[PDB]
Each structure stands twice: as structure tokens, then as C-alpha cells.
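Novice: model the following, please.
(chains A, B, C, D, E and F)
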Amino acid sequence: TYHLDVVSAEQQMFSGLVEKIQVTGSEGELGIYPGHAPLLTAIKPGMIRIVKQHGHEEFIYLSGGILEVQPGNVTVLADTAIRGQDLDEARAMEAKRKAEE
Amino acid sequence: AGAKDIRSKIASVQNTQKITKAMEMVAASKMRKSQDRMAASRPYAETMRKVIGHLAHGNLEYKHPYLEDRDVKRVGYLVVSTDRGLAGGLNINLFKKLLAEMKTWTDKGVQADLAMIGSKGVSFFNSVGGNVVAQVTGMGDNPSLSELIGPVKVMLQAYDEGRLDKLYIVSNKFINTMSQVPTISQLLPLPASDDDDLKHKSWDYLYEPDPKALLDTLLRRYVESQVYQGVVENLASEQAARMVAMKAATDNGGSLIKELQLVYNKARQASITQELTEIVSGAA
Amino acid sequence: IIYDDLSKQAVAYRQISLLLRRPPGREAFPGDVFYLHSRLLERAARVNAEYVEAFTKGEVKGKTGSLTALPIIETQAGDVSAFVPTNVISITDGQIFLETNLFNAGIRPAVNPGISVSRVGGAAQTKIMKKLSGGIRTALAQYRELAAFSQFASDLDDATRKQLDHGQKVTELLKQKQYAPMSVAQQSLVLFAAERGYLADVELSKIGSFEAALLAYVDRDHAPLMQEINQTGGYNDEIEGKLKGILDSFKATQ
Amino acid sequence: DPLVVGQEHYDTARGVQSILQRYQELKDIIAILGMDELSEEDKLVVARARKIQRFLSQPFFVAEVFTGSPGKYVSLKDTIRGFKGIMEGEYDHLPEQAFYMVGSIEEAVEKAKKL
Amino acid sequence: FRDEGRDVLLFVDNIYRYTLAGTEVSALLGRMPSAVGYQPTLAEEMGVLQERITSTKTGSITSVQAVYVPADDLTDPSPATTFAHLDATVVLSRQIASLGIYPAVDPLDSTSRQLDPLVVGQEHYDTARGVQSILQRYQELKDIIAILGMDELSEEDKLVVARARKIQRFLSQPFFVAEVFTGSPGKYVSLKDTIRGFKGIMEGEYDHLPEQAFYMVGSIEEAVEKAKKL
Amino acid sequence: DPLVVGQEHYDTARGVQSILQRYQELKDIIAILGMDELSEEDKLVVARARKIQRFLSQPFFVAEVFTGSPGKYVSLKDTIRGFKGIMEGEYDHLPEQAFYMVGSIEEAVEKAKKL
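Specialist: Numbers count the residues shown, from 1 in each chain, chains lettered A, B, ... in the order given. Below, you will see the structure:
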């Protein structure tokens, strides 16, 4: 079957051969099977669930990321957080005021 | 008071020497752990680089502000620095190289501003008086990308709105255990040389929802990964520099101890001789 | 026999010599100050059975005799290079260094290992104590170096962490209250507990209470074994198994 | 010794002695390497020891000519309770100067508020 | 014994106590003391004893003297006077005895001023200097091994580490008087045999033998025999 | 004394004395931790003190048989002007060796061109 990778910029989360997966695509829930055509999509926060070789069930929660598919390879480029709120612009203000004070 | 205090000074120097000897080994172990983290970091970045290369240099070629060349009117940097002392001259070397390049760009009349990681850079560039737009401190060991999301977000906002035309990351590189080098490398626009392929973009990816938004998110995640990797490598270089500095400090203490002991022995002999001359003279 | 403050005897002899106008030596002590302490301390000795038999005109035959001397010397400021301290160091068979820094610290007995030494060594020691004490010796030897790493021991090899938390607990165990001597059975029991790793899960703050509870338990339920140990001081598998049973049974309590 | 002073006084005195002894060692590291190199527990020990060191001070009303401040008299029990409180966490938040030449612990908080 | 024509060994159990006894006698006689309080005749009293220990045409007397340093101060007048007569120094360390190596002689601090090409010949000099440099290099590399691990070590430094371990274990030797301890018969090794063995170890022959084949073995010709059954 | 020598000479001498005292104070830290640990003003103090120490050297006419280089005669005006210039930082761009064994500050800048 295909070889599933789950990785982040900080760490490798999972690696192994996988028979099928369930993953929440950008526009809706998606299932991947061996020999799937090349596909690229972001993934919304939630559970991605996996069956390894011999159909052993594995569940992984993701804050988000990008899912893509290649011949024999599935790679999930997960990230730490949603990041959509952009509250850290406030964090950048104090760096300026403390430099001015 | 050679008979009174020099004996205490010798003991204090001995204790300090033993403490530095312990610190050298602690730094050497932390360097190995940082090396493991650094080696773990790379494959995610290289895979995302492969995907962005496929999207950019495919048969159909897209254009994006983060990718296209733009003329220079403002230049930006983000700089990583240690939050703890020792570690030799790493920070000062990096800061003076950054100042050299900043002065070169100033001479062309190009306004510059800095994003700052670590308090040492904050303090040095506040003393210099360079424009610092963003700061983050207090990662220590095990730094997190989550903290990094901020400054890169604001630097991106500056770049894409026209406020910034080029972006550089300033960090030291862990060449190996024995050697480290301060370096500056470009982030925006995408400097990576072009590549060519056939399999990719022939058996092209199905795009959901559309190829462009995925390219924007992909580029943002890529530059974020680049700065995280730079931070980790700078931390490893800091650990190596601290190990070296502690070795030097231990050797210096060991060299000081013997000279103090020679002086103490001279004083010890002199006191005995003087007091015995006094005793003999007093027996008139 | 215990001589309290041999330095005071040396001071008195110096006074006597100077009042008699005898030539002074280093630090105003007379020339034969070493002879004074040497001929005194050399009397402490063990004599063979034949000397005893000859002296007593054959009335005592099978017994050897001995005189053990514990002289006391006061160093002024931790200086062992003074005159009388140097002479007494050169004469005696061993040294028990008491340290003021350790006394200020929690370890009341204040005996400093690594500098204290007994040249007689294991011959003076009973079989069980000789068997057990090597673990303590090596544990403290290892613990001394790691004390530098104690400040930042959070990032260490787990082996080094175990060595450090074992040396610390042994040092905490060695402290003892004044006027409370422990029989050879009790010292051997607590040393067995420390060496065989039974203190591995006990907290540093609670070592003393563990020791007291163990001593009370063995005094209550297993007095004959303590009697045999005090009578013979022997060691063998039949004794180690009994001690293992003692410690396993106690560890269920407290 | 416990037979005279009772166990409370003996334990308090031994605790103070041990804490000051530890601080005397830690100060050597601090002097050259700086305080950041210590363990956080060693930092806490340094802080509380530096507090105790100042708390031992006391104005005498036979020295008002020198200091210009009123003298203080303290009972044994209050001294024991104050040193116990400083050895524990009760007063970690007060500054070092809050104890200097104060008197009883019950008024060090007042100087801290005044400081 | 020398006048009979033999070669004699004279053991002095503490020369320092001889110096102290001379100081006490001079103080009793009431002579004026000298620097650090020693007798004014210290140098001549030392020379009188030491100068009689020499090699005469009829025979020679050789001396092994235990030395004590009063305060670990090598500048003290007693060590300063004693060292002026010593031809060689042998240092015993408990650290080597911890490794089970006997005799526990430190090869890096023990020195002899006979170790010169004009005295012992070029081959002996070169072998001794090579052994010393290899052991010093090993002592340097042990710090690297401890601080960073064996991976840092190049393949050339691994070779010198293995050779240094084999040399450091070859120095062991069973004594005829220590048979009750080791339970092995003592061995006598001539100078040429040990010279040839160490020269061989350094030059890279016998490199293939296990390190334990050198421990307490004797000569190299016995080391190859021990390896055959080890 | 400012009355006899005048104010400028007095101020230059005391400035040199203070700079060298500060260097002596820093040298104990420099010996152990190295120069890198110093603050940026302390490093400037060290750099100026070393230049001052070098500038105090002078080739003697009687020493030509030793050094070989010709001797120099230096006026009081030139030495006070040079030391005041060094302390003001006018010559901070020159290397230390530029000041070694030079008669006057102009000779120091001339030596700097060839290092």
C-alpha cells in the first residue's frame, strides 16, 4: 500500500505504510485509497484516522495543515495552530513601545 | 594576608574551576540534543520546497508577490540572538556583520528595519538605535514555532503591502561541532534557483479549492519553516560556543591557581623565617 | 586511652622549656617537641602472647594485650601544616578530619571522607562490616565529583542521576545524633539497606525516620538475628537472605 | 542543644545555620558567573538567605545617637516565629531592604509597604 | 658489601625524617637556625650521606629513597636539597591501581635523567619517547571521548586509543613476591625484551591481538602465546 | 598641582590615571572570562587603555645601541595634546602597534599607514 507521512516543522509525527485513511479536506471529508490520483488540499482542524497494514486503527488530531497525495506516498504537512486570528500583531506593538520608552 | 586570605582565594578559584568544568559537559550534551532537533527539522522544509518548486516551475507558471522580483526601496532583516550570556563573541560577530550590511544599504539611501529574536539583539540594537519593529524573547531550550508566527506575520504584512521589498534572515550556522559561521540569507522574494521536471505537472495535482490560495498558504508556511530552522540552528551554535568558552575558562582558572599557590608558598616560607629570626634575636 | 588537646600539652612543655632557658626551635617550640609526642604515642601498641606471659611470670598465657590511643589535635584555622599538627600527623596511624563547614551544614558528625584515612583499614573491621563498607566508600567517592553537577543535574545521564541521588541519600544516612551509639548489628542493617538499593525510592527528607522505624521494627520482631550479629559479626548467604527478608517485611509497613 | 532549648529552638537554629552556609557557597558562583546560572531552587535559597541575613539586624536603643532611630526589644518566641516564617514561604514576596534594621517580623511588612 | 665487589641496594625509608632529625639535633645544640627554620648545615649533612652512594671501581651502591614533601611545596628547602641528588623519580598513583594494573607506576610523571640518547642509546630513547607521547595523546583524547563520545574520534585517533590501551595494559607484570595475590608465577623481563615489545606495539605489529593478551603477561613472546588461547 | 602645571596638564594626567585604574580593575575579570563578557563601554575602556600604555613608550637616544631605532625628543605640549586626543577617541581607528615606540602622535599616525 501507500506510505503515509505525518510531519510538522518541529517533528515527525508518524511514518508508515497505510491501507486507507479518513481525512477532513478543505471542502469536505475525504477518503484516500492506494493508487489515488495526485491531489492537493488544505485540511481543517480535526481528527485524521488511519488504518495501518493489517487494518490496525490509529487516530491523530491535527490543528490543521496541508494534505497532498503522490503515487504511493501520502504526506500531511500539519502545523501547530490555526493562526487565522493573528493576535500576535498586538504582541508586536509592545516591542515597539518598549523600544520607544 | 597570605596566611589568612590567599588560602581562601585559592579555594574559591578551585570551586569556580570545577563549576565551569561541569558546565562544559552540560553544554556538550545540550549541543547533541539541539543537533538532533536540527536534523529532525530539515525534511519537512525540503518537502515543502519540492512542492513549491513543482507549483512554480510547472508547465503552467504562476506569479505571486512572494515569488516575483521587485525593485528595492526598503530592506528588512530579522535577527536571532541568545537570551543568556557566555557563548563567547557569537552575538557581537553576528551583530557587526549585520551592521556592516545595514550600513551598505544605508549608503544607497535604502531605509532598513529589524525584527528581533532574543534579548541580546534587543539590547544591542536599542543601544545602536536601529528601528526594531518586533521582538520575541524567552524561548530558552525547546523553542516553538508558535511564538515565531507573530514576527514573521508582521514582516510578511510589511513586505506584501509594499513597505518592504526584500527580507533576510540573520543567523549563525552549525557547520559542525568545532566551527560555526554567522550568515545572512534571503527569504523574500523567493531566491531559490529554478528546477525542471516532467512527472510533476504532467500527472498534475487536483487542486481544491484552487491552486492559488494553496500557493499562498504554502509559501507562508515555507518561510515560517525557514525561520524556525534558522532559530534551531542558532541555538545549537550557541551551545557549541558556550562549551568552548567554558573550556577556556576552566583552563584559565587552572593557570591562575598555580601562580596563587607559588605566591602563597613564598609568603609561607617568609613568615616562618621572619618569626624565627625574631625569636632568636629576642633571646639576647 | 583518649588524650584531650595534646596541643595544650605541647604548649605547657614549651612554657616549661622557655622558663628553663632552653634553645627555641620553629614556632618557639623546643627542639625535642617531636620526641615528646612520639615517645608518648608509641606506647599504644598490641603485644604478643609471649610478652604478656613473660611479664606476668606465666600467670597469663593465652591472652594478648593492647592499648588504643585517640589523641586530639586542634587546628587553628584549618591549617594542618603547623608544627605540632604536622608532627602528630606523621606519628599516628590514621586521621579523622572534622570539618567546620560540614558541622555548620546538616551533617552533625562532620566527619570528612576523602581526607580522613585509616592505614590499618579492613583488618580492624568485622567481616560483615568489611563486606558492606566498600559500597559506601565507592558511593561517596562517586558522589563527591557529581556535587559540581548538582546545580544543574536536570540535564544528565540517568546513570549519573542515580549515582547522585544515591550519594546524597548515603550522606543523609550517615548523620547521627549525639550520645546514641549504634551496635554493630544496627549499623550493618542500615548499611545493608543503603547498599542493596532499598533506599532508591525513599525521599531524601525522610531517611532518618525510615532508619528509626527500621531499627524499632528489627528490635521488636527480630531480636535473635541482631543478637547473633552482635555476637559474631559473621556474614554468609544464610545471613544475607535473612536480612533480605527483614527488609522486604519492613518495607510493607511505614 | 535540644535538652535545654527544646526541639523547636534547636531546629530553627540549625535551619538558619544550614541556609546561611548554603548561601555562602552560592555567593561564590553568583559573584563571577551571575545569578542566572543557578538552579531555581538555588535562586530561591539565595533570596531567602539574603532575607534572613538582614532580618538578624536589630536597632538598639543605646545606639540612637548613631542611627537616629528608636530601639527595639524582641522576645524569644517572636524571634523563633519570625525566623520560621522567613524560612518558609510566608515572606518570599518582601524585598531584601524590607527587613534591614526593622525589629520583629510583624513590622517588616510595614517597612516593605513604606519602601 | 660493596668492598666485596658486589652491587648493593640501599633502602632509606624516609630521607625527610633524616633531615628533621638533623634539625632537631642542631636545635638541641643551640646553633642558629636557617631559612624556614632548618639547620644551617642542611646542605652539607645531605651531601655527606648522598656522596657515599656512588659507583666505585670495586662495586656500586644503588639507593631507593622514599621522599615526603612537607606541604606539597616543591620549593621547601628539604625537597630542594633532596632533588639536587636524585637521578630518577618513580611516582606511584592509586588511580592506576584502581585499574588493577600493577606495579602502579605512573608512566607520565616518572622521570630519569639517564633517559638520554648518549646514555641509553637511540633505540631506547625513541621507544620511551614514543610511549610517552602516545600515552599523553590518549590522556588528551579521553577528555574528548568523555565530553562528546567515541563518534567524534577519527579512525587514526581510534588506532592511537587502542594502541595506548594495549601499551597501558602491557606495563603490568606479575611479581615473584606477589604470587600469593595473583596466583601466577612471577616473570623477569630484560631491557631488550621490553624495548622490543614496546617497539613492536608502536610500529603496528601485534596490533591484531586482543587487548587482554597484554595484561600481566610478561614479554611479548608470552603475549602471542596467551592470545593463542585467550 | 593645577596651580603650577595648569589645568589642562592636570586634567590629562588624572584622566590617564583613571583610565589605567579602570583597566587594572577589569583585568581580573578579563583573565578568567575573557574580554567577550565585558560591556561595550568596558571594551572601549580596555581598547583606549592599551593604546595609552603603548603610547607611553619612547625611543631613547642612549638606547639606540639596543633598539637600533633613533631616539626621540618629545615636548610637553605634544605629549599633552596626544594623550588628550587619545582619551577623546580621535584615534580609535588606529591599531595598538601604531603607538608602540613612537615619539609623537603624528609619528603614530604615520606608522599606522604602514601598520
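Novice: which parts of chain A are helices?
Specialist: Using DSSP state H, the helices of chain A run over A:88-100.
Novice: how much space separates residue B:246 from residue B:114?
Specialist: Residue B:246 sits 30 Å away from residue B:114, going by C-beta to C-beta, to the nearest Å. The way it works is simple: take the backbone N, C-alpha and C, and place the C-beta from them, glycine included.
Novice: name the element the nearest residue to residue C:176 once chain neighbours are set aside belongs to?
Specialist: Spatial nearest neighbour of residue C:176, chain neighbours left out: residue C:109 (5.7 Å); criterion: C-beta to C-beta, 6 or more residues apart in numbering or on different chains. Assignment of secondary structure by DSSP states H and E places residue C:109 within no helix or strand.
Novice: I'd say residue C:109 and residue C:173 touch.
Specialist: No: judged on C-beta atoms under 8 Å, residue C:109 makes no contact with residue C:173 at a distance of 11.3 Å.
Novice: more neighbours: which of the two?
Specialist: Neighbour comparison, residue C:109 and residue C:173: the larger count goes to residue C:173, with 20 against 14 (by other C-beta atoms under 10 Å in any protein chain shown).
Novice: which residues touch that one?
Specialist: C:190, C:194, C:199, C:207, C:211 (C-beta atoms under 8 Å, 6 or more residues apart in numbering or on different chains).
Novice: ok so it is a strand residue?
Specialist: No: using DSSP: H, G, I helix; E, B strand; the rest coil, the secondary structure at residue C:173 is helix, not a strand.
Novice: any idea how far it is from residue C:202?
Specialist: 10 Å.
Novice: tally of neighbours for residue A:1?
Specialist: 16.
Novice: for chain C, what's its nearest residue on chain D.
Specialist: residue D:21 (4.4 Å; C-beta to the nearest C-beta).
Novice: so that residue touches residue C:102, yeah?
Specialist: No: the pair formed by residue D:21 and residue C:102 falls short of the contact definition of C-beta under 8 Å, at 9.2 Å.
Novice: number of nearby residues for residue B:56?
Specialist: 18.
Novice: residues touching it, list them.
Specialist: By C-beta under 8 Å, 6+ apart, the neighbours of residue B:56 are B:62, B:67, B:190, B:194.
Novice: next, count neighbours for residue B:215.
Specialist: Neighbourhood size, residue B:215 [other C-beta under 10 Å]: 21.
Novice: that one sits in which helix or strand?
Specialist: Assigned by DSSP H and E, residue B:215 belongs to helix B:211-282.
Novice: now do the contacts for the residue nearest the centre of chain B.
Specialist: Taking C-alpha atoms, centre = their mean, the centroid of chain B lies closest to residue B:234, which sits 3.3 Å from it. Residue B:234 makes contacts with B:80, B:81, B:82, B:171, B:172, as judged by C-beta under 8 Å, 6+ apart.
Novice: and if you look at residue C:120?
Specialist: Per C-beta under 8 Å, 6+ apart, neighbours of residue C:120: C:93, C:94.
Novice: and it, how close does it get to chain E?
Specialist: 17 Å (C-beta to the nearest C-beta, to the nearest Å).
Novice: which elements pack onto the helix or strand harbouring residue D:80?
Specialist: Here residue D:80 sits within helix D:76-87, counting by DSSP H and E. Judged by 3 or more C-beta pairs under 8 Å, 6 or more residues apart in numbering or on different chains; DSSP states H and E, helix D:76-87 is in contact with helix D:2-33, helix D:40-55.
Novice: just name the most buried of those.
Specialist: helix D:40-55 (a mean of 17; mean count of other C-beta atoms under 10 Å in any protein chain shown).
Novice: which element follows it toward the C-terminus?
Specialist: helix D:64-67.
Novice: could I get the buried residue list for that next one?
Specialist: Across helix D:64-67, burial judged by 16 or more other C-beta atoms under 10 Å in any protein chain shown covers no residue at all.
Novice: same thing with stretch B:82-96?
Specialist: Counting neighbours by 16+ other C-beta under 10 Å, stretch B:82-96 gives B:82, B:83, B:85, B:86, B:87, B:88, B:90, B:91, B:93, B:94, B:95 as buried.
Novice: the residue of chain D closest to chain C and residue B:218, how far apart?
Specialist: In terms of C-beta to C-beta, residue D:21 sits 61 Å off from residue B:218.
Novice: swap in residue B:89?
Specialist: Residue B:89 is 38 Å from residue B:218, by C-beta to C-beta.
Novice: again with residue C:225
Specialist: Taking C-beta to C-beta, one finds residue C:225 at 76 Å from residue B:218.
Novice: show me which of those two is the more surrounded one.
Specialist: residue B:218 (21 against 17).
Novice: quick check: that one touching residue B:54?
Specialist: No: counting by C-beta under 8 Å, residue B:218 stays clear of residue B:54, with 10.3 Å between them.
Novice: mutual contacts of the two, please.
Specialist: By C-beta under 8 Å, 6+ apart, no residue touches both residue B:218 and residue B:54.
Novice: need the strands for the chain, in chain order.
Specialist: Assuming you mean chain A. Ranges of strands in chain A, per DSSP state E, are A:2-7, A:12-24, A:29-32, A:39-43, A:46-52, A:56-62, A:65-70, A:73-78.
Novice: not what I meant, chain C
Specialist: All strands of chain C, identified by DSSP E, fall at C:46-47, C:65-66, C:94-95, C:117-118.
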